[PDB]
Every structure is written in C-alpha cells, then in structure tokens.
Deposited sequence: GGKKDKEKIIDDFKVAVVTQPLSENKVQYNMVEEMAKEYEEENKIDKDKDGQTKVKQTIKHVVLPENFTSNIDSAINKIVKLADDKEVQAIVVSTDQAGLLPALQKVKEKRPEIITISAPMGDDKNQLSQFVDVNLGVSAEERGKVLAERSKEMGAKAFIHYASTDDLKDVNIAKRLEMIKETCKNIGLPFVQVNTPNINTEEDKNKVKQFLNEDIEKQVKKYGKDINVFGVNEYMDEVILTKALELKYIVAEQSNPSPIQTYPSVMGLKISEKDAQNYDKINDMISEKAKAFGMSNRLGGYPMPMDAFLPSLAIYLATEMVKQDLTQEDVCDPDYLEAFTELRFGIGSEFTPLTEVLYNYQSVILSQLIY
C-alpha cells in the first residue's frame, strides 16, 4: 500500500503567470474532490509553492523555497513550471537529499542538456519544431504567402530566431512564399502605437499584393491583437497566435467576456470563439491548440507525477513518445506529438498539440 502523498508544484505568482498559477489551483481542487471518495484509493494532494516575485533577482530565496520541500516526508514528486532559468541547482540539491522524489520540468528555462542530466522528466517546446508545424498548418489552410512580423530586438531572442529560421526553411520546402517584415523596436510605451500603425499599414499592403489568402503571424500578444483584429476586416488567415491561447487576446478581439470561473474552461472558450468566427465570416481562417501550452505542460506533468508515484514508475517507463501521446489521449482527449531532444536524451520530450481550427 503506497503511502498518501504530495505532488509539489512550483510556479511564479498569480501577478506574473496567471495561467500556470490558476491551473495548479484548479488541479489542487480536483484532487481534493477525488480524495472525498473513499473507494481503497491512495490519496494525493497538490502542494502549490509560489516563487518570489522577480525570482531571478531573488534567486537564493527561490532556491531555498524549493529545497525545503525535501523535509516534508509526504512530498513524493516536484514539478517546476517557469520559462525562466535559475532553479536547476534547487532540484539537484533535492535529489541528493531525497533520491526517490520524482522531479519534472514543465517547463524550466535552463539549458536543455543540463535539464536532461539533472531532472528526471523534462517537458517543453522546441522552437524549431514549432516553426515547421506552423508553416505546414498555414499551407494546409490555403495560405499563398506567410508574413512574419518581429522587431530586430525580438530577433535577439534565441527561440524567436530559431522558429523564424525553421518557418523560412519549411516554407521553402513546401512552396509557400515567405515574407519577413521588421517591425519597430519597442523601447517605450509610445512605441507600441507606432508598432500598431506600422502593422496595420503593412498588412493592408500584403493583402493587396497577394489577395486575402495569406497567413499573418506575429511574435507577441500585442502583435496578435492587432493581427487578429485586422483579420476580421480583411479576412485573411491567422493559423496561430505567437503562442496559441484561447484565453489571451481572443476574448477581447471576438467580443467575449470570460468569467473568472470559466477562465480555465478551454473547451467552452473554444466553442464561444467558433460561434463568433462563424458569425464574422471567419470559419476555417483562425487556428490554435485545444489549450495553451502554459496550461497543458503543468497539468500533464502533475498527472504524470501522480501516475508515476501510484505505479512506482521511473523516467525510463514514461519518457517515450508513444507512451506520452497515449497518456495525453487518456487524460485530455486530445492528439499530440512528442519528440525526444536527442535519441540518447530520451528524458527530454518536446510536444506540439493537435491543431484546432475555429
């Protein structure tokens, strides 16, 4: 009989990462409800650990906060979810004190090779593979050109650069004209309205050149807003936001009001977006995923940790694309594709979710 256990989940605070924070809280409540039904079931709860604000500037307090979890005898797994780097030493120290604690990045911002060496299960996104799939999904939706918008400062970000490179290469392989357009650098808030004006004028130009069957893509939520808004008028294609999310940007663009209680009900949000898309003459023009990656990775990691503790599994048992795809169908009812970092670094798996078209 496996002891009742805790799955500790580390996120940034609500003020910084609302989606991650609230998904963990939601899963906590789910597990509380499960624990009310006696049959005998093993009991699991989530311990939500909140990092200090601006944690990279308060790195020792953030690290210490995690390492203390090792003192709690009931903690049997630790999941860490942040796009930022710095917390890896914390998980090394936990593992040295408590070898049996299952550690999972979902995601972490640290070097991916280091993550593979020192953390048991690693889940993330590959900018390269994202680029390839976004180019293909654009093609499948009937795009006759792909317009990519980003500032030269944006292109300093290694993942933005890498995704761009793979979109361009993929577009070349599949005969999709690719157009790269440099947007003004955003150094102050004043620059935002300059970016908005720039985008509006350039998009009009691109539609005059190619006609409306082009895909338009930007690299942040502010661009996504301008792009989706203009799409309603010119009726072009937006295969994906910078990062696909039903809850970010879509609700304001489509004129939806999502209650605090529905904020994590992604299926209901998606139905609401499709109704508006139908009403606005935009069916089969707008895409995404069934849920944002900021919600999926930590929710998948929690379910995996729980299964691993209940079934006494280790990284070798679960870190396999077929296993993780089937488990995703089981727990979410969605399709996915998982790819190892390298054939040898099997315990780092990147994921792309199946397409949703509104």
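Enquirer: Identify which parts of the deposited sequence carry no C-alpha coordinates, going from the N-terminal end onward.
Expert: Several regions go unmodelled: 1-8, 48-52.
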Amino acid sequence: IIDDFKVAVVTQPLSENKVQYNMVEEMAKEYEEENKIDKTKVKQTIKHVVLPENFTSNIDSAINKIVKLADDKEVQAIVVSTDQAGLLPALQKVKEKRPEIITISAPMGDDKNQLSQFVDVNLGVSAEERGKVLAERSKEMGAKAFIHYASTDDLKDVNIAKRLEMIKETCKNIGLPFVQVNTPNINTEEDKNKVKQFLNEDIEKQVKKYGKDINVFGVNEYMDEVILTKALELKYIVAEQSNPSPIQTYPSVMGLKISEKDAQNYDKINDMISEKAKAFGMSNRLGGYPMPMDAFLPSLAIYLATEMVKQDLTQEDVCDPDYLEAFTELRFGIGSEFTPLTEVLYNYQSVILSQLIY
From here on, numbers count along this sequence of modelled residues.
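Enquirer: Quick check: 349-357 versus 4-12, which has the larger average CA B-factor in the record?
Expert: For C-alpha atoms only, the mean B-factor is higher in 4-12.
Enquirer: Quick check on the record: does 168-176 or 189-197 carry the larger mean Cα temperature factor?
Expert: That would be 189-197.
Enquirer: Going by the deposited entry, which of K268, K257, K162, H148 has the highest CA temperature factor?
Expert: It is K257.
Enquirer: According to the deposited entry, which of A326, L297, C319, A70 has the largest Cα B-factor?
Expert: Largest recorded C-alpha B-factor: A70.
Enquirer: Name the third of the chain's ranked CA B-factors that contains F217, choosing lowest, middle or highest.
Expert: For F217, the deposited C-alpha B-factor lands in the lowest third.
Enquirer: Of the three thirds of its chain by CA temperature factor, lowest, middle or highest, which one includes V49?
Expert: Within its chain, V49 is a middle-third residue by C-alpha B-factor, going by the deposited values.
Enquirer: Which third of the chain holds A62 when residues are ordered by C-alpha B factor: lowest, middle or highest?
Expert: Its C-alpha B-factor belongs to the highest third of this chain's values.
Enquirer: What third of its chain, lowest, middle or highest, does the C-alpha temperature factor of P246 fall into?
Expert: Lowest third - that is where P246 ends up once the chain's C-alpha B-factors are sorted.
Enquirer: Should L234 be placed in the lowest, middle or highest third of its chain by the C-alpha B factor in the entry?
Expert: According to the entry, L234 has a C-alpha B-factor in the chain's middle third.
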